[PDB]
Amino acid sequence: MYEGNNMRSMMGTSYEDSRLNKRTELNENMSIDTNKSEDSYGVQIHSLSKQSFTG
Amino acid sequence: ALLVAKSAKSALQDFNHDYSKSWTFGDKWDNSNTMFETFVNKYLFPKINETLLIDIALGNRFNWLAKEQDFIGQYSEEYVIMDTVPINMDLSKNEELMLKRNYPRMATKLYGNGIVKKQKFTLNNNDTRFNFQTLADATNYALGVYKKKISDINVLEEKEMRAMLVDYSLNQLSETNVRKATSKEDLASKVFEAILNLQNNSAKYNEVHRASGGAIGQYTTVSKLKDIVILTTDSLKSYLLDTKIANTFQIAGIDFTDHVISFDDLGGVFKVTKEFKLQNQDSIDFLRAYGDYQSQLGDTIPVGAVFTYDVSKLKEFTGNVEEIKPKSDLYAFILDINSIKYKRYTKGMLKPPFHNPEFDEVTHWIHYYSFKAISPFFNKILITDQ
Amino acid sequence: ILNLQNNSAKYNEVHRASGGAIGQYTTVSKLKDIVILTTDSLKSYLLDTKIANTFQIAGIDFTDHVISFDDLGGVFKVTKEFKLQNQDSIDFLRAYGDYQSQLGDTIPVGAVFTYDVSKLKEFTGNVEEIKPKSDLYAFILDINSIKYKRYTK
Amino acid sequence: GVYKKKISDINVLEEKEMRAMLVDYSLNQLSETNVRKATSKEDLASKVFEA
Amino acid sequence: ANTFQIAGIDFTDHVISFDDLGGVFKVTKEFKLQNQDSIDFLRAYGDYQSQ
């Protein structure tokens, strides 16, 4: 309403919002596409892969 | 005696003392009676070949409840109307009561603010280069500590909100809501009859007596089964899968497993009821072992404080803190969504870094506002052994 | 399973690491990575009685991820770091390809013996074995918790 | 909202008083020839199917 | 769920159910209202004609 200047580093143009990046979401799926116990029924072994996991 | 145990020529003697000696002449490294037995060469430095930094990001399982505010104001409020059954009209009464007033009565439960949570961390550029035999692994160290500083947000938020509805499932809702089971081979029939109670018009299954303006009265309501969830131990979901759906024949529309939020154990959390002060130094170290750096001696815990890890084994903390868990682990709390009011405000999540060059270590901060609450004006049934 | 995929400060042994005696560390798993380990009796009982004599199996069959053995022990550890004394001990040991261990060296306390060995007079008390103590056993884990590197160049 | 609850309450009132008078009838009317006696909870599964 | 041959026998097209079959009460030994607390309890359900 009041026009003013609206400008400071913080508390101007930093008081009402900021840049948003990430809301700490479920991307790793818990209880949708993992937390699974619904697997197949047949011949069996070796769905067991290994990455390097060095980073 | 041994040159390895001699700490006074290590790389920590030059960073606590302001003055140190500039050049060096080396050493005559040995492998005689160390942790570095070597058959062929007693005079070489132990070569390591790699390090790994294993790290997995962790979820929240509640991000479809993530409604977003704009962070203005601090009180919210909601209210229903009490139900009011009609009467038989008896004409022996006076002809003047139609002038008399009759206001409708309301519920009026009021909610305060949430809590803003925060965490900080410090990356050094000086001593960290003495480890990290390449340069990329230090960058992996940076992105790994950043990803754990966002994953812990998830695990603490799900743990605290799990704690809040389990804490609600004790000592808050009345005896017309709770029912008494006896076994895990019970409580599956009892949850199966407990569901499709709620699609009968009833006032026995809410808790509006715990509202402010509605202690006496009643309030009928229902639910819609795209809207209920059940909350239980993974043991019970294990029982439902291996026994109830497995050992029977035609359940082609009956298997209600899509509403089963289930956990390994329904408690790791602690709540202070008696107030006190902090005196033990190892208690301070144990708190900042989990990151609570702000705590000093002489500090004062409030009443409405949770603790989210096992903290009940300190001498300040015995007796006055309490674990929130079911007793006999035969536990099933069914509710309906629109009752739990989850909220967070996190657009200002990553604050700009502070550099501090004269110590040369950057420091970040993470802030987010979060508002847990649940609403009493819906349908809830708890199943336990008292 | 369904506990292995919860955010748990337990289920790991970070308290038995080097720098992590105090504190917590949460981890989950992915169902492409859980390995069951048990006897053949348990797996056999499963796939002839439970999943056979039940009706619905439509998603439940976790037998894809089970490894089993006829027994979980034929193997031995050392205690007390004993010494070689007897002729019959070493020449019994000769029968399994061992040649270098002559009468007069010691055995370190962390060695393994990999066959039925405890009946020698030097070994009783000094040598213990590795088995489940009750033959009713299932150790299940997240895979790539085990690491296994060999050099066969 | 107060108006639509002033019709919702007469709805729930009407239905539960009507099931109440049905139970009242079941206890106080229909002399012994009309009532059959089950024993167990699976007993009446057979009884209603034959009835 | 268990008796395996339902295509024909499913009589759950005609089953009215309820949580309880009674929360509704009945009066014997007629009386008079004589406590203020009792009528204040009745005011919390809409009954305003009571004295």
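Residues numbered from 1 in each chain as written, not as in the entry; some residues may be left out. Chains lettered and ligands numbered in written order. Part of a larger assembly, values for the part shown. Heavy atoms only, no water.

- With the PDB entry as reference, chain E is termed Major head protein, source organism Staphylococcus phage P68.

- Within the PDB entry, the label attached to chain B reads Major head protein, and the organism entered is Staphylococcus phage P68.

Some words on the overall build of chain E
Working step 1: Scanning chain E from N- to C-terminus turns up one helix and zero strands.
Working step 2: In summary, chain E has a C-alpha radius of gyration of 22 Å against a globular reference of 10 Å for 51 residues, an excess of more than 25%.
Working step 3: Principal-axis analysis of the C-alpha atoms gives chain E an extent of 60 × 25 × 15 Å.
Working step 4: Burial analysis of chain E (51 residues in total) assigns 14% to the buried set.
Working step 5: Put simply, chain E shows about 4600 Å² of open surface, and 55% of that area lies on carbon and sulfur atoms.
Working step 6: Across chain E, 4 positive and 8 negative side-chain charges occur, with their mean positions spaced 18 Å apart. (Helix = DSSP H or I, 4+ residues; strand = E, 2+ residues; numbered from the N terminus. Rg over C-alpha atoms; globule rule 2.2 N^0.38 Å. Buried < 20%, exposed > 50% of the residue type's maximum accessible area, 1.4 Å probe, protein only. Areas by Shrake-Rupley, 256 points an atom, 1.4 Å probe, with all protein chains shown as cover. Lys, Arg positive; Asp, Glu negative; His and termini not counted. Charge placed at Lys NZ, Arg CZ, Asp CG, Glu CD.)

Looking at the packing of aromatic side chains
Working step 1: A full pass over the atoms with the stated rule returns 23 aromatic pairs over all chains.
Working step 2: Considering the side-chain rings of B:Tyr290 and B:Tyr309, the 3.8 Å spacing of their centres and the 10 degrees angle between planes classify their relative orientation as stacked. With B:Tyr290 in the loop between α5 (281-289) and β9 (321-323) and B:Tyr309 in the loop between α5 and β9, this residue pair connects regions lying 19 residues apart in the sequence.
Working step 3: When the ring of B:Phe307 is compared with that of B:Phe317, the centres are 6.1 Å apart and the planes differ by 45 degrees; the resulting orientation is tilted. Linking B:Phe307 in the loop between α5 and β9 with B:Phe317 in the loop between α5 and β9, this pair joins segments that are ten residues apart in sequence.
Working step 4: What links up through ring pairs into an aromatic cluster is the set B:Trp29, B:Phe36 and B:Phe45.
Working step 5: Against the face of B:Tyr205 rests B:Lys204, its NZ or CZ located 5.9 Å from the ring centre.
Working step 6: In this structure, C:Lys10 packs its charged tip against the face of C:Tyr11, placed 5.0 Å from the ring centre. (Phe/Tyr/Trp six-rings, centres within 6.5 Å; stacked < 30°, edge-to-face > 60°. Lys NZ or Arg CZ within 6 Å of the ring centre and 35° of its normal.)

Thoughts on the pattern of salt bridges
Working step 1: Counted according to the given criterion, the structure contains 13 salt bridges over all chains.
Working step 2: For the salt bridge of B:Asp310 with B:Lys313, the shortest nitrogen-to-oxygen distance reads 2.9 Å. (Salt bridge = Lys/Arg side-chain N within 4 Å of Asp/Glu carboxyl O.)

Description of the sheet that holds strand β5 (residues 179-180) of chain B
Residue and element names in this part refer to chain B.
Working step 1: Here five strands make up an open sheet; going across it, the order is β5-β13-β10-β6-β7 and the pairing mixed. Here the strands that pair on one side only, and so sit at the sheet edges, are β5 and β7 (260-263).
Working step 2: Together, β6 (228-233) and β7 form the strand contacts of helix α4 (residues 234-244), whose direction differs from that of β6 by roughly 105 degrees. (Pairing = 2+ DSSP bridges. Contact = heavy atoms within 4.5 Å. Axes fitted to C-alpha atoms, helices over the stretch in contact; angles between N-to-C directions.)

Topic: the nonpolar core
Residues and elements named next belong to chain B.
Working step 1: Membership of the largest hydrophobic core comes to 22 residues, with the highest contact counts inside it found for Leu231, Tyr331 and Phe333.
Working step 2: Mapped onto this core, the elements with two or more residues apiece are α2 (136-169), β6, β7, β10 (332-336) and β11 (340-345).
Working step 3: Ranked by residues supplied to this core, first place goes to α2 with five residues.
Working step 4: Counting residues in each nonpolar core, the second largest holds 17 residues, with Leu187, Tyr205, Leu330 and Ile383 among its members. (Core = buried A, V, L, I, M, F, W, Y, C linked by side-chain atoms within 4.5 Å.)

Observations concerning α5(B)
Working step 1: Within α5(B), the full set of buried residues consists of B:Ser283, B:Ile284, B:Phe286 and B:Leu287. Taken down its axis, α5(B) places every buried residue within 165 degrees of arc, on the same side. (Arc of directions from axis to C-beta.)

Observations regarding the sheet that holds strand β12 (residues 361-374) of chain B
All names here are of chain B.
Working step 1: Reading across the sheet, the four strands line up as β1-β11-β12-β4 and stay open at both edges, with mixed pairing between neighbours. At either margin of the open sheet sits one strand with a lone partner, and together these are β1 (67-68) and β4 (115-124).
Working step 2: Along the sheet face, α2 touches β4, β11 and β12 and points at about 155 degrees away from the line of β4.

Quick look at unusual backbone geometry
Working step 1: Phi is positive for B:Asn338, which is not a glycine, with a value near 80 degrees.
Working step 2: By the element assignment, B:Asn338 lies in the loop between β10 and β11.
Working step 3: When its relative accessible area of 53% is taken as the criterion, B:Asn338 is described as exposed.
Working step 4: Within the chain, E:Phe4 stands out as a residue other than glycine whose phi angle is a positive 75 degrees.

Here we look at the pairing of β10(B)
Residues and elements named next belong to chain B.
Working step 1: Most of β10 sits inside the fold, with five of its five residues counted as buried.
Working step 2: Neither face of β10 is left uncovered, since the one carrying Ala332, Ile334 and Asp336 and the one carrying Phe333 and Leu335 both have all their residues buried.
Working step 3: Pairing of β6 with β10 involves five bridges; the strand directions are antiparallel. The residue of β10 that forms the bridge with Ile228 is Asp336.
Working step 4: Where β10 lies against strand β13 (residues 381-384), three bridges are found, and the strand directions are antiparallel. Across the sheet, the residue bridging to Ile334 is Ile381, located in β13.

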